[PDB]
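One structure below.
Residue numbers run from 1 in the order of the sequence given. Start at 1 and go down the list; that is how both ligands and their atoms are numbered.
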Amino acid sequence: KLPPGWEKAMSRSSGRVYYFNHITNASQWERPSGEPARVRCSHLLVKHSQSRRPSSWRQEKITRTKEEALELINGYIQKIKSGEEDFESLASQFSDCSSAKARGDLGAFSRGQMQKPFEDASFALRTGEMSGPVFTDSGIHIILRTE
Ligand SMILES: O=C(O)c1cccc2c1OCCO2
Ligand SMILES: O=C(O)c1cccc2c1OCCO2
Ligand SMILES: [Cl-]
């Protein structure tokens with residue numbers, strides 16, 4: 001029916017059908033369009049107190065709860081989707097990954113290199129698509145597939 005991971009759902013506020021991807025946590029009103037050895041992704045990471053390494057270039061001691069990290073992620077997603085901010089701008093400013101200095105770019109990678117939820121989301125994104133919140137042991141990610 002739909003590309004990998006996508007399913008139909010009903011909006012609770014509007015009653016209109018939308019589409020949700022349970023691999024990427026992407027959600028959208030529009031019916032999703034239409035696997036390579038490698039993809040290229042950028043990401044914005046928000047770490048929390050239960051991150052594998054609760055430290056980043058932004059903060060020596062990361063203390064925010066996972067719930068607070070998710071709220072931050074949700075707010076960045078809203079600004080990206082509204083066009084108020086660019087993904088790259090938010091990643092450079094607020095990603096708890098050292099890839100922040102490359103606008104979140106991780107370069108290209110294969111299956112078998114990244115943490116599984118990140119890998120699965122990356123490979124289920126189409127080129128140009130953005131994930132919803134993706135959870136790993138590092139924290140919570142927004143992933144943008146660029147190639
Ligand atoms: O170590 C770094 O400064 C760095 C710079 C750009 C991209 C990265 C980086 O480290 C984590 C992987 O992705
Ligand atoms: O793997 C790393 O530590 C690293 C360091 C600098 C730049 C990078 C890196 O990983 C891939 C992205 O580009
Ligand atoms: Cl915070």
Side-chain angles (χ1 to χ4, degrees), residues 2-7 9 11-14 18-30 32 34-147:
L2 301 162
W6 288 99
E7 70 182 59
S11 169
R12 306 245 298 235
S13 55
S14 84
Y18 71 103
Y19 299 87
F20 167 70
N21 189 304
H22 61 253
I23 313 172
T24 67
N25 287 323
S27 54
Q28 56 185 55
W29 295 116
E30 304 82 8
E35 96 175 9
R38 312 177 92 210
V39 296
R40 183 191 187 167
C41 293
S42 300
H43 80 138
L44 190 164
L45 170 67
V46 178
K47 284 188 169 180
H48 50 72
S49 66
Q50 288 189 60
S51 284
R52 173 217 263 111
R53 298 177 19 231
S55 192
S56 82
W57 69 269
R58 319 197 48 227
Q59 206 167 29
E60 183 159 21
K61 182 167 207 43
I62 297 197
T63 54
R64 68 171 72 90
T65 71
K66 187 163 14 129
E67 179 172 55
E68 289 166 335
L70 180 55
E71 196 23 72
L72 288 161
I73 288 275
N74 284 335
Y76 298 141
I77 292 176
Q78 298 181 291
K79 282 182 181 313
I80 295 165
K81 287 199 160 184
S82 67
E84 181 181 344
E85 292 270 38
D86 281 357
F87 173 90
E88 294 92 339
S89 176
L90 296 182
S92 301
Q93 301 180 67
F94 306 121
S95 181
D96 281 314
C97 183
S98 56
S99 59
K101 70 176 59 67
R103 299 184 317 150
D105 175 45
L106 298 173
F109 57 87
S110 266
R111 282 212 184 257
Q113 312 185 210
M114 317 292 315
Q115 291 186 237
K116 211 62 181 203
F118 191 99
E119 166 188 311
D120 282 345
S122 297
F123 278 88
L125 285 176
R126 293 305 139 242
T127 292
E129 289 192 321
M130 201 181 62
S131 74
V134 172
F135 291 80
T136 71
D137 287 347
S138 317
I140 314 175
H141 308 262
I142 304 163
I143 303 160
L144 177 67
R145 178 174 172 204
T146 57
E147 291 170 17

Do other residues, nucleotides or ligands put more than 12 heavy atoms under 6.0 Å from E60 CD?
-> no
At a 4.0 angstrom heavy-atom cut-off, ligand 2 is contacted by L106
### Task
Mark yes when over 12 heavy atoms from residues, nucleotides or ligands other than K79 sit less than 6.0 Å from its NZ; otherwise mark no.
no
Give a yes or no on whether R58 atom CZ has more than 12 heavy-atom contacts from other residues, nucleotides or ligands under 6.0 Å away. yes
Item to check | Neighbour count above 12 (heavy atom, 6.0 Å) for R111 CZ | outcome: yes
Here the side-chain hydrogen bond (donor to acceptor under 3.5 Å, both in side chains) pairs for residues 89-101, sequence neighbours left out, are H43-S99, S56-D96, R64-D96, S89-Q93
* Any idea how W29 and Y18 line up, ring-wise: parallel (<30°), tilted (30 to 60°), or perpendicular (>60°)? -> perpendicular
